[PDB]
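Colleague: Sharing a structure below in structure tokens format, with a few things to ask.
Here, each number is a calculation from the coordinates, and none is a lab measurement. Note: ideal-geometry Cβ built from the backbone for every residue, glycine included; neighbour counts use all protein chains shown.
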Amino acid sequence: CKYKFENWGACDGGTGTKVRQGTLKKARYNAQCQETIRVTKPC
């Protein structure tokens with residue numbers, strides 16, 4: 001897993017949870033860690 005996308009900040013933003021699409025360095029949220037993906041976590 002790597003990390004190259006919009007980083008995170010705080011739940012919310014226009015959808016509900018914090019989602020960052022793109023290379024995600026396993027945030028421990030998606031679990032499978034599909035690196036490039038719009039992940040989420042809180043709300």
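Colleague: Rounded to the nearest 20 Debye, what is the dipole magnitude of the chain about its Cα centre when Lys and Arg each give +1 and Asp and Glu each give -1 at the C-beta?
Modeller: Computed about the Cα centre, the dipole is about 180 debye.
Colleague: Given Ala27, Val39, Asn7, which one lies farthest toward the positive end of the charge dipole of the chain, if we put +1 on the Cβ of every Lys and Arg and -1 on the Cβ of every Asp and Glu?
Modeller: Result: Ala27.
Colleague: Looking only at Cα atoms, what is the convex hull volume of the chain per residue, in Å³?
Modeller: Value for the chain: 56 Å³ per residue.
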